[PDB]
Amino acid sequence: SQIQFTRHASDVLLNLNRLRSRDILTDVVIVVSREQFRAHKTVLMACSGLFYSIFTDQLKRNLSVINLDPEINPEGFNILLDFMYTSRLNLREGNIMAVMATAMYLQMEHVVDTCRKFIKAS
């Protein structure tokens, strides 16, 4: 059968984060109140139920700008976008509520579950 490369997926994600850092082939800007964040739609869809539901629809597939809900905390979004590209989630007592509320809105079930475990273990 097939040879499994145990570090390939992480190596791919690291290189996709390098492309995001250099703004290479980013195709969308996410507006979160006064802040803006560029990303790859494919990565957003891969991590979020919300972005999946948006860009999978042929009507919204080619949008270059997504205006998020004005109540969404930009810091919460920033932390989650970095999570999407790194597999690392920066949860603190100062940000737990903002991050969890953002993850619920973005429909990132695994992150929501982790936020629940963080509260439980606090």
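In this text, residue numbers run from 1 along the sequence as written.
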Which is higher on average in the deposited entry, the C-alpha temperature factors of 69 to 77 or of 51 to 59?
69 to 77
Using only C-alpha atoms and the B-factors in the entry, which stretch averages higher, 90 to 98 or 42 to 50?
90 to 98
In terms of the CA temperature factor given in the entry, to which third of its chain does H110 belong: lowest, middle or highest?
highest
Going by the entry, which third of its chain does the Cα temperature factor of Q36 land in?
middle
